[PDB]
Amino acid sequence: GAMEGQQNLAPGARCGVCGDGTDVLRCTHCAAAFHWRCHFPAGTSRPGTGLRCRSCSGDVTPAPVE
Ligand SMILES: [Zn+2]
Ligand SMILES: [Zn+2]
């Protein structure tokens, strides 16, 4: 219906900065739960192409495919 996301509170996965897991973002390269602004408060823009946590955003160098 419209209440399948009622328990959006990930088990053992919440924004450590807030304590809440309400509308918490997930990492695509690993498993994580955080709010973008809570991890990247430097004015970093949230990418729609691959949500990346702090660790996964450390080294991001793609392989030049020709
Ligand atoms: Zn937060
Ligand atoms: Zn990650």
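Going by the header, the method for this PDB entry is solution NMR.

(A) Spotlight on the coordination of the zinc ion (ligand 2). Coordination of the zinc ion (ligand 2) by the protein is provided by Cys-27 (SG), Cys-30 (SG), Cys-53 (SG) and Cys-56 (SG), with metal-donor distances spanning 2.3 Å. For the zinc ion (ligand 2), the 4 donor atoms are set out with angles of 108 to 112° between them, so the coordination reads as tetrahedral. The partly exposed category is assigned to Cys-30, whose relative accessible area is 33%.

(B) View of the side chain of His-35. By the secondary structure assignment, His-35 is in the loop between β2 (33-34) and α1 (36-39). At 3.3 Å, the side chain of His-35 forms a polar contact with the backbone oxygen of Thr-22. When neighbours within four sequence positions are excluded, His-35 is seen to be in contact with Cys-15, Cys-18, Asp-20, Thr-22, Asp-23, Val-24 and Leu-25.

(C) Representation of the coordination of the zinc ion (ligand 1) in the model. In this structure, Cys-15 (SG), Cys-18 (SG), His-35 (ND1) and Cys-38 (SG) serve as the protein donors to the zinc ion (ligand 1), at separations of 2.0 to 2.3 Å. Each of the 4 donor atoms around the zinc ion (ligand 1) contributes to a set of angles spanning 109 to 110°, which defines the coordination as tetrahedral. Motif for the zinc ion (ligand 1), donor spacing along one chain: C-x2-C-x16-H-x2-C. Residue classification places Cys-15 among the buried residues on the basis of a relative accessible area of 0%. Using a relative accessible area of 43% as the deciding quantity, one classes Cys-18 as partly exposed.

(D) How the structure looks around the nonpolar core. Listed in full, the 8 residues of the largest apolar core are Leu-25, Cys-27, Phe-34, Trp-36, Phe-40, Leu-51, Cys-53 and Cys-56. Leaving out residues up to four positions away in the same chain, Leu-25 has contacts with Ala-32, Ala-33, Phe-34, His-35, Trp-36, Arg-46 and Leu-51.

(E) Seen up close, the environment of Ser-55. Mapped onto the fold, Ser-55 is located in the segment after α1. Under the relative-accessibility criterion, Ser-55 is labelled exposed at 63%. As a C-alpha pair, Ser-55 and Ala-2 span 53 residues in sequence and 34 Å in three-dimensional space.

Scoring rules and cut-offs
Residues numbered from 1 in each chain as written, not as in the entry; some residues may be left out. Chains lettered and ligands numbered in written order. Heavy atoms only, no water. Donors = N, O, S within 2.8 Å, 3.2 Å for Na, K, Ca; no water. Tetrahedral: all angles 85-135°; square planar, octahedral: opposite > 155°, others 65-115°. Buried < 20%, exposed > 50% of the residue type's maximum accessible area, 1.4 Å probe, protein only. Helix = DSSP H or I, 4+ residues; strand = E, 2+ residues; numbered from the N terminus. Polar contact = N/O pair within 3.5 Å; in protein donor to acceptor, adjacent residues only side chain to side chain. Contact = heavy atoms within 4.5 Å. Core = buried A, V, L, I, M, F, W, Y, C linked by side-chain atoms within 4.5 Å.

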